[PDB]
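Understanding the architecture of this molecule
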Protein chains: 2
Amino acid sequence: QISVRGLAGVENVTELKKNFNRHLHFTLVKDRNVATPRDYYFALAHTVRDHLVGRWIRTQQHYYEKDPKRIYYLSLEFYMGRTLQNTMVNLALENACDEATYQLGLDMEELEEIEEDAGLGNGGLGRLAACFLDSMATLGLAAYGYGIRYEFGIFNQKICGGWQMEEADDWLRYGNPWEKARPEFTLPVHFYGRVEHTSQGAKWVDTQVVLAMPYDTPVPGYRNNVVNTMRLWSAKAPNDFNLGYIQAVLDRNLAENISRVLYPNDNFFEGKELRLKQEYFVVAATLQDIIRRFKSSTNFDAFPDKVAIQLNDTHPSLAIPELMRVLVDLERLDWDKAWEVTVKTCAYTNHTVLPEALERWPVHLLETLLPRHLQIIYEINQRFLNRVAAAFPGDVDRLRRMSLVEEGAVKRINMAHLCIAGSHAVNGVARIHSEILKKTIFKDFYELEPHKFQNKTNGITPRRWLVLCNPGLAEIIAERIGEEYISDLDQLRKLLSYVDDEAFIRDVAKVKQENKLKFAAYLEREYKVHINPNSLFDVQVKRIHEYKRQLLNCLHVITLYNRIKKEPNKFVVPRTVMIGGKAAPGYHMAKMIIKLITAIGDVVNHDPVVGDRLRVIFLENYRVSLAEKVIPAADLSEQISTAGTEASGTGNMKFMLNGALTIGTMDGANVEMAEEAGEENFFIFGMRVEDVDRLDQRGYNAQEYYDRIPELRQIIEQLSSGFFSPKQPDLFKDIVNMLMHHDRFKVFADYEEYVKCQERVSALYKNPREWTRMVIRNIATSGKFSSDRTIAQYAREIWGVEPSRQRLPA
Amino acid sequence: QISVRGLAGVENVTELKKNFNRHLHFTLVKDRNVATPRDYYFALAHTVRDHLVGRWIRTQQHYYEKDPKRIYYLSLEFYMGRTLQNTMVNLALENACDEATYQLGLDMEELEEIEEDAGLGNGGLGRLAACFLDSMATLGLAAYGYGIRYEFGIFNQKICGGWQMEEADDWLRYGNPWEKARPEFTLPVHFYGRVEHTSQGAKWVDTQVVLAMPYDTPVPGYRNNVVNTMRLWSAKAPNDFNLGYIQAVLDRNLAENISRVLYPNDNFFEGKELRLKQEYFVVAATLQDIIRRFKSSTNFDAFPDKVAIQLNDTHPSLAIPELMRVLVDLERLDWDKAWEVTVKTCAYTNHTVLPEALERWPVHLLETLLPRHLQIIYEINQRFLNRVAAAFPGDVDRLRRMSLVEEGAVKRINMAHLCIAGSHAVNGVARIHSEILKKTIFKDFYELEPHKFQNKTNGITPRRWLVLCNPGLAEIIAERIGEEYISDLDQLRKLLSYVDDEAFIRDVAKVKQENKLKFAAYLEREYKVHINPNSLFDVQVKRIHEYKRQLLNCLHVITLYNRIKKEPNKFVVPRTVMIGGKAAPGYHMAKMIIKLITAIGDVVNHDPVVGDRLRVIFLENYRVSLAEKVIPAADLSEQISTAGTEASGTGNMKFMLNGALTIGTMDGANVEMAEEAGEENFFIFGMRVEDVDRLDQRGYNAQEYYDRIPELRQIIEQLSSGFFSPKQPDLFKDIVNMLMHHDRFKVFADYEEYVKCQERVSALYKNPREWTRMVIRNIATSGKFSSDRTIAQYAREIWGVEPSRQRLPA
Ligand SMILES: O=C(N[C@@H]1O[C@H](CO)[C@@H](O)[C@H](O)[C@H]1O)c1ccc(-c2ccccc2)cc1
Ligand SMILES: O=C(N[C@@H]1O[C@H](CO)[C@@H](O)[C@H](O)[C@H]1O)c1ccc(-c2ccccc2)cc1
Ligand SMILES: *Cc1c(COP(=O)(O)O)cnc(C)c1O
Ligand SMILES: *Cc1c(COP(=O)(O)O)cnc(C)c1O
C-alpha cells in the first residue's frame, strides 16, 4: 500500500500464506472452520518469528567468531509493548504480510490488536530500556538486555465509578510466541547463609538456592539482519526444596514468587524484601552468564576490554559487590585488582531527582539476606572514605555525606553512592538533569572525581515511535526526502525547506486529521464515548504523580469551564482534553487525582451550555500500545512538571516526532527540545529551576496566590464546596489541603502563566496554516532525540565501541 | 530392522530427516554445533507429533458429523509414561524414524531415554486408565479421557542410606511437546458460598471462582488413523482475584495449588480439603464440557443415548450430585427425570477392598466447600432409603448399613454408596473381586439391585506392553503367526502348536536372554551394580504395601541366604532377586520394608561365601518406563498378595505376556490367569480366600507359626538381634512386632507353602527346555488379558456402543 512498509513480492506473499496455513494446521492444531481470530494472530506471529530465526542464529554466531566487546544492559524493567508489528517493520515484511493475510480474508490490523503488551515496566525508565535495545541492534552492537521475566507486568487499570481499580496483567495466559525458554542454561542463585572466614579467605555457606531459568527474546535491528537477545530470568525451585510431602511441594511457590510480579511504583522506593530478592536474582544469574561467556573467548585484566555492564539506575547496583565477590572469593584475585576490573566494567545511569526515589536499603535486610555482600559493601566504603579523607583533609562533614552507610535510627546503604564509587561513568538523562547531579545531589562526588560525570540525553526509537505508529506521516516525509531518515533521524532537518510548500503543509495537516478521526473512532468502539474530531486534542499521558502536575492541567480545565459558563455565547477554540495514566496502588494522592479528573468530566461533558466545545476524557489503561494510538492523534503535548523534577521525559519526544506542539516548563529534555526547534516554536511557560530555588529560600505560601487570583479562588471554593462531588461534598478536601498547605510542586505558582500560555495555543490553533508550519519546524528538528544518537554516545563515550550501520549477510 | 516396526521407505526417511532439521532450526532455534541430545529428542518429538495432527483433526471432525455416543472416562489418575515410542508404534513410524535418525548420526534409543514419564498416577488404577485410552482409540470409540494436569506427578524416589527419599517430579520443566493448551475453552468452577432458596428453586451464591484451563493430548489408536483426546484441566486464578496489591497477586497461588500435585497414596484414603477440591475441580469442568458438546449435536431424555460417564473409582463420584445440580438447579428439570438421566449416564468401577481405601468425606468439609452438593446428597439418600424400606420392611439395620450418611463422632458421606445408588452399573476388576463385592462388601446393594453388578476383568495394552517394550519377542511371534495378534491378542493361542518346535523354543529363550543381558547392562551404566545374567531373575515390582507382602519375599530371600550359609558347598540355582516400588510418604511401615530390603542386600551381596549365587537389588524409582525395561527381562513374576486383597492386579498380566512364569496366590486376576494357562503351568501356593476366612474366625496367632517352623524362628531372631542392622540393633523391631502381633495380612501363614513352591520353581529352572515350554503355554494363553477385550466388554455391556476395527481414511 505505502512505500515505507516494503515490497509485497509475488513469491514473498505466496510463501507467507503457505507458512501461515502450515502453522495454523501443525502449530495451532486448528482448521479454518474452528479458528478464532486469536489463532489467526498466533499463526501470523509464528510465521513472522520464522523469519527472525536464521538471522538470530547467524548474529550470535558472528559475535562468537568476531569476539567484539559485549554490552550488558541490566534493568529491572523492559517496557517492550507488542512485538509483531515491530518485527515486521524491522524485517521489511509489513506490506507482504498485509497482502498475504488480506488474500486469506483477514485484516492484519485486527490480528495485531489481539497481542498482549509485554508490560514489564512502569514508565519512562522501562521504555528507555526497550528503545535502547532497538537502537543497539540497529547500530550493530553486541548487546544483551538482561532482566526478570515477570509473570505479571504493570497491572491493568480499570476505572470503576471514576476510581482506579487494579487487576493482574496475566500477559502469558495464552503463551508468548516470541520467547524461547533455555532451561539448559539454568543457574543457581544463593540467598541467606552466613560467612565463614578460613585460611583461603571468606566462604558464603548454608545458603538457600533458587534457580534462574533464562528465556530469550529476539531483538531485531532495522533492516540490517542483526538480531540481538533480551534474556529474562524466571525463578524455579530446586527439586530437593523442602524435601509433610504435599506441603513441601506447595511451598515451592515461595521461591518462585521472586519473578512473580513487577513492583508498580514510579519514582518511589519501597524497601521490601521481595524487591531486594528480585534485584539480587537478576544480578547473580546475569553475572554468572557474563563470566561464562567471557571464559569462552585466568586473565581478568582483559575483562573490561570484553565486557561493559550498564546499570539502569541503582536497581541492579548489587552487580558491583557481586562482581567483587566472584573475583575475590571465587576467582581469588586480590582486592585492588578486582576493584580496578569492577570500576572499568560498570557504569551507572541516574534517572532520579526526588529523594524518595533513591534506594536506601536497611542494613538489617542486607545482613540477613546477603551477609557477604554487606561485608564487601563496608570494605568498599572504608577504602572509598580513605580517599575522600586524603583529598579533603579535615572535612568531617563530607565524610558523613559521602558515606555509603547512612547513620540514623535504622542504618541504611545508599545504593547511588555505591554506584558512583564502583562505576567509571555516571550519567544523567538530560543536560539540565546531569547538571543538577553535578551542582547539588552528587556535588561532593563530582568534586572528588569530575571525570566520572557525563550527560547522555535520552531518546526514542523512530521505528516504533514514527514508522510503526504513524505510517502516514512517515510516508509523506519519505515522499520528499527518502527512507534514510528512519535510521538517521538528523536527516529530518531537510524538511525545513518544505515549511512554505503548500502541498506539504496540506499533507502534514491531513495525516493529523486522519489520525484524529482514527483515534476518535477507537474511543467510540472500545469505550463508547463521542468526541468532536475538529477540536484541539490536548493530551497529557504519563504516570500519575504530583510532580508531573496533572493537577495544574485540571485547574486549567476548570478555568475554561468557568469562563464558558460566565460568557456562554462567546467563541472559544474547542478542546478535547485527554489525560491518562496509572497511579501506583499505594499512592493515595495519585488515586485522588484520577478521581478528580473523572469527576470534572462528569460535570463538564454533560453540561448542555458547554456543548462539544469542551470535553474531558480519562484515557483508561495507558500503556505502550495505547501511546501508539493516542500520540499520533495529539495536537498539544502537556509536559508541565515543576522545573527540576522531570529528569528527562521521553513522552515529550514522542509527541514532537508525531506532529504535536508542546506546552511545557523548562524541565528535563523540554529545554533541549526548545533549543533544537527555537523557543518561538514551543509554548514555554512557568518558573525556571532558579525561580523555584528563590521561592524555596523565602518559603512557598500558596495562600498568597489564592488571595491574588480570583479565578483560582473560585476553583478552590468549587472543589471545597462539593461542586464536583455533589453526593460527597468533602471528597476532595485532601487535594485542597495539599494545594493550600503541603504542595511540594508549587502548582499555584505556575497557574497564571500556564492559563495565559494556554490562550496563546488557542490563538495559534485558529490559524491552521501557521499551526501546521510550526509543527513542521518541530518535526524537522526532532532528530537529536533519536535513541540512535543517544546509544552512539553511550558507545563512544562510555562503552568504548564503534557503532556500525553495515548489514550482516541475509 | 525388524518387521513389526513398519516400513522405512525412501520417501518417508527423506521427509522425516528434512522435518527434523526444520524443527531443530525453527522450533528449537539451534544449529547442529550447539545442539544438546535434549534438543535432538525435541526435534524428533515435534517431527512425530506432526504426523498426529491431521488424523487428530479429522477424527474430531468425524465424531461431529457421525455424532456417535460419546464415552467420558473420568479419572484423577492417568499413568501415561512416555509418549514418543508409543506414538511411533501406533503410526507405523518406528523403523522410518530409526533409519532417519541413524542417517543424521543419532541413536533413537538414546533420544527416547531423555523423555520424562507423565507420572500422573500411583499405580494400577492410573495405569489402567492409560491402557484403556489406548484400547478405546484402537477400537474406534468416541472416547475422552478427563483428568487433572498435575504440575508434579508421583514423586521421584531416591534411595539414601537404604531409605526412600522423595523429590518433586518436575516433569514439565523442559516443556511437554505432546500437549496443546486450549485457553479458549476455559471454564469457571465454584467453591464455598451458600444456598439461597427462592420461588424458582435453589441458588448457589457467593462462591469463589477458580478457572479450569484444558490441555489436550492426542491418543492414537493402533494403525487405524484414529486419534482420540485426553483433556487435562489446569487451575488458574481469575484476574480480579483478591483485587495490598503485591500480596493479592502472590495469593493467586492458593487457587492454582488445586492442580499442583498428585496425592501419592496407594489404597489409602486421606480426607484432606485440597484433595476434595481436586475431585470437584475435575468433575465441574468436565461436566460443563460434556453438556456443551451435547447441546451442539432442551431435551435431556436423549442425554444417556449420547453420553456415558465412567467413574474410575469414587474419586470423581461428585459427578453424580453435580449432574443433578446442573439438571435441577440450572436446566430446571424435575428431580425424578434428572435422576433417571443421571443413573443411565453414570457407571462406577470399584478397585478396592481394604476399608481404609474407601472415601468417606466428613460432612463438615462438604458443608463448607460444596453446600449445595451436600443437600443433593441428603435428598438422594432419603429417596434411596425409602426404596430400601419398601423392599425390606422392618430391616432397620439394613437402613443404617446402606445409608450414604455414616453416623459416628464425625458424620461422613460414603462415596461408594453414592456411586452404587447413582449408577446403572457397578463393576469389579476381576472375577473373584466382583464376587467379593456381591457376597460381602456391597451384599445389601446387590440384594436390592442385582442387575447393577457386573465383572469386567482388567487387561493391559499389548502395544506398550509387548510391541513397544519387547520388540524381539513380538517379532518371533510375528514370524510364525503374523501381525494381526497385536490388535487381536486371542490369536496368541496359535502359538500352542509351536510348544514342541525346537526353533521356536530356542528363539523364545534367546529373546529372554537378550533382554536379561540388556537389563543387566542398564543396571551397570545407570546404577553401578553387577549382576550375573545366567541367574534366575526373580522380580517383584509394584507399590510398597503390607497387603502385597514384599515382606513374604524378604523372608524367602533370608531363608535362601541361611540355607547357603548352612551348606555352602551345595548347588543352588542362582537368583537375582529384584524388588522395586515406591512407598507413600506417610506410610511408615512401607518405608521400613524398603529399608529392610536394602539392609538384606547389604549382608547378602557382600558375603564372599554366597558368591554370585544370590543377589538382592532394590530397583530405584519404579515407574512406567522402568517397568518397560525390567518386565521383559524377568523370569519369575512375584504376585503374592494375601488372598482377597489384590482386586485384580495388572503387573501380573504384563509379566505373563513377556515370558515370565508366575509364583502367586489365588488372588485377583491370578485366578483367571491360572485358569487360562492351566494350573500346572502356574506356581500357585498359599491360602485361598476361604482359608483366610477360616483363620479369621478362629483368630490369627502368628506365634504358632514361629513355634513350629525353625527356619522362620531363626529369621525373626536375626531381625530382632540386629543381624541385618549391626549399628542399630533394634532398627527393625517395629517389623518384628507387626509380624508377631498385628499382621492383618498373615505373612507367616503362607511362609511354609511359599518356600516349598519356590523350590519347585528352582527345580524347573534347572531344565531350560521345560522352563521355556511352560513359558510358551503362558504367552500363548495371555490373550484374554488384552485391554481390548476388557474395553469391548465395557462397550457392549455398560456403554451400549459397538467397537470397530475399521480404519478412518489417512
Ligand atoms: O521511570 C522512571 N524514571 C524516569 O526515567 C526516564 C528515562 O530516563 C526519564 O525520562 C524520566 O524523567 C524519569 O522519571 C523510574 C525511576 C525510578 C523508579 C524506581 C523503582 C523502584 C524503586 C525506586 C524508584 C521507577 C521509575
Ligand atoms: O491403584 C489402585 N488400585 C489398583 O487398581 C488396579 C486397577 O483396577 C488393580 O489391578 C489393583 O488390584 C488395585 O490395587 C488405587 C486405588 C485407590 C486409590 C486411592 C486414592 C485416593 C484415595 C483412596 C484410594 C489409589 C490407588
Ligand atoms: C514514553 C512512555 C512513558 C514515559 O513518558 P513520560 O511522559 O516521559 O513520563 C510512560 N508510559 C508509556 C506507556 C510510554 O510509551
Ligand atoms: C502395571 C504397573 C503397576 C501396577 O502393578 P500391580 O503389580 O498390579 O500393582 C504399577 N506401577 C507401574 C509403573 C506399572 O507399569
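Definitions and cut-offs
- Residues numbered from 1 in each chain as written, not as in the entry; some residues may be left out.
- Chains lettered and ligands numbered in written order.
- Heavy atoms only, no water.
- Near = heavy atom within 4 Å.
- Polar contact = N/O pair within 3.5 Å; in protein donor to acceptor, adjacent residues only side chain to side chain.
- Areas by Shrake-Rupley, 256 points an atom, 1.4 Å probe, with all protein chains shown as cover.
- Helix = DSSP H or I, 4+ residues; strand = E, 2+ residues; numbered from the N terminus.
- Nonpolar A, V, L, I, M, F, W, Y, C, P; charged D, E, K, R; others polar.
- Domains from an automatic or database assignment.
- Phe/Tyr/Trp six-rings, centres within 6.5 Å; stacked < 30°, edge-to-face > 60°.
- Buried < 20%, exposed > 50% of the residue type's maximum accessible area, 1.4 Å probe, protein only.
- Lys NZ or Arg CZ within 6 Å of the ring centre and 35° of its normal.
- Least-squares fit on C-alpha atoms.
- Contact = heavy atoms within 4.5 Å.
- Axes fitted to C-alpha atoms, helices over the stretch in contact; angles between N-to-C directions.
- Parallel < 35°, antiparallel > 145°, perpendicular 65-115°, else oblique.
- Left-handed = near helix turned anticlockwise from the far one by under 90°.
- Buried area = accessible area lost by both parts, 1.4 Å probe.
- Salt bridge = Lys/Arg side-chain N within 4 Å of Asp/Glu carboxyl O.

On to the site of ligand 4, then. Residue and element names in this part refer to chain B. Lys 542, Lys 548, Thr 650, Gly 651 and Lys 654 are the nearest of the 15 residues found near ligand 4. Here an oxygen atom of ligand 4 sits 2.9 Å away from a polar atom, N or O, in the main chain of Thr 650. A distance of 3.3 Å separates an oxygen atom of ligand 4 from a polar atom in the backbone of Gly 651. In isolation ligand 4 exposes 400 Å². Once the protein is present, 96% of that is buried. For the shell around ligand 4, the elements supplying multiple residues, two or more each, are α24 (624-633) and α25 (651-657). Across the shell around ligand 4, the residue classes break down as six nonpolar, five polar and four charged. When residues of the shell around ligand 4 are assigned to domains, at least three map to each of domain 1 (1-459 + 787-810) and domain 2 (460-786).

Turning our attention to the packing of aromatic side chains. Tallying each qualifying case throughout the model produces 52 aromatic pairs over all chains. With a centroid separation of 6.2 Å and 65° between ring planes, the pair formed by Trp204(B) and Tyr280(B) is classed as edge-to-face. Neither residue differs from the other here; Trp204(B) and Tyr280(B) are each classed as buried. Three or more aromatic residues joined by ring pairs form one cluster here, namely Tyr72(A), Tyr144(A), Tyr146(A) and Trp233(A). Over the ring of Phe392(A) we find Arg398(A), and its NZ or CZ is 3.7 Å from the ring centre. Its end group placed over the ring of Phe155(B), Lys582(B) keeps NZ or CZ at 5.5 Å from the ring centre.

A few words on the relation of the copies chain B and chain A. The two copies are related by a screw motion: chain B maps onto chain A through a turn of 180° and a shift of 0.0 Å along the axis, at an RMSD of 0.0 Å. A rotation of that kind, with that shift, is consistent with a two-fold axis. If distances are taken from each C-alpha of chain B to the rotation axis, the shortest is found for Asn253(B), at 3.7 Å. When the interface residues of chain B are mapped onto chain A, 100% of them again lie at the interface, so the same face is used by both copies.

Our focus in this paragraph is the packing of helix α22 (residues 550-566) of chain B against helix α31 (residues 751-765) of chain B. Residues and elements named next belong to chain B. Packing of α22 against α31 leaves a shortest axis separation of 10 Å and a crossing angle of 60°. Put simply, α22 runs oblique to α31. Once α22 is placed against α31, the crossing between them reads as right-handed. Contacts between α22 and α31 involve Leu 552, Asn 553, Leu 555, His 556, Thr 559 and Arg 563 on the former and, on the latter, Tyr 751, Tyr 754, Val 755, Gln 758 and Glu 759. Across the contact of α22 with α31, the residue classes tally to five nonpolar, four polar and two charged.

Attention now moves to the packing of helix α21 (residues 502-527) of chain A against helix α24 (residues 624-633) of chain A. Residue and element names in this part refer to chain A. Where α21 meets α24, the axes come as close as 7 Å, and the angle between the chain directions of the two elements is 135°. Relative to α24, α21 is oriented oblique. As for how α21 packs across α24, the hand of that crossing is left-handed. Facing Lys 512, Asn 515, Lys 516, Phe 519 and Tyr 522 of α21, the residues of α24 in contact are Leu 626, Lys 629, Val 630, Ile 631, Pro 632 and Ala 633. Classifying every residue of the contact of α21 with α24 by side-chain character gives seven nonpolar, one polar and three charged.

Turning next to the environment of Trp178(A). All names here are of chain A. Structurally, the position occupied by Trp 178 is in the loop between β6 (163-167) and β7 (180-181). Here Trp 178 falls in the buried class, since its relative accessible area comes to 4%. With 41 residues separating them along the chain, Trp 178 and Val 219 place their C-alpha atoms 9.9 Å apart. With residues up to four places along the chain from it excluded, the contact list for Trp 178 reads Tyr 41, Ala 45, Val 48, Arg 49, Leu 52, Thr 83, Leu 84, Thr 87, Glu 115, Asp 216, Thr 217 and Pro 218. Among the polar contacts made by the side chain of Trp 178, one reaches the side chain of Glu 115 at a distance of 3.1 Å.

All names here are of chain A. Its domain assignment divides chain A into domain 1 (1-459 + 787-810) and domain 2 (460-786). Of note, the centres of domain 1 and domain 2, computed from C-alpha atoms alone, are 31 Å apart. Between domain 1 and domain 2, the contact holds 60 residues from the first and 60 residues from the second. With both chains or domains summed, domain 1 and domain 2 bury close to 5000 Å², and 52% of this area falls on carbon and sulfur atoms. When the buried surface of domain 1 facing domain 2 is broken down by residue, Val 4, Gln 157 and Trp 163 rank first, second and third, together holding 13% of it.

Attention shifts here to the interface of chain B and chain A. The interface is formed by 48 residues belonging to chain B together with 48 residues belonging to chain A. Of the roughly 4500 Å² buried where chain B meets chain A, counting both sides, 62% is carbon and sulfur surface. It is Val29(B), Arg173(B) and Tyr245(B) in chain B that bury the most area against chain A; as a group they hold 16% of the surface buried on that side. There are six salt bridges connecting chain B and chain A. Residues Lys30(A) and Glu184(B) are paired through a salt bridge, measuring 2.7 Å at the closest nitrogen-oxygen approach. Seen at the junction of chain B and chain A, the total is 18 residue pairs in polar contact.

Glancing now at the site of ligand 2. Residues and elements named next belong to chain B. In the vicinity of ligand 2, 20 residues are found, and the nearest of them are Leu 125, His 351, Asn 458, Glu 646 and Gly 649. At 2.7 Å from an oxygen atom of ligand 2 is found a side-chain nitrogen or oxygen belonging to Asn 458. One nitrogen or oxygen atom from the side chain of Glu 646 is found 2.8 Å from an oxygen atom belonging to ligand 2. In the complex, the protein chains occlude 96% of the 580 Å² of accessible area that ligand 2 would expose alone. No other element matches helix α6 (residues 124-138), which puts three residues into the shell around ligand 2.

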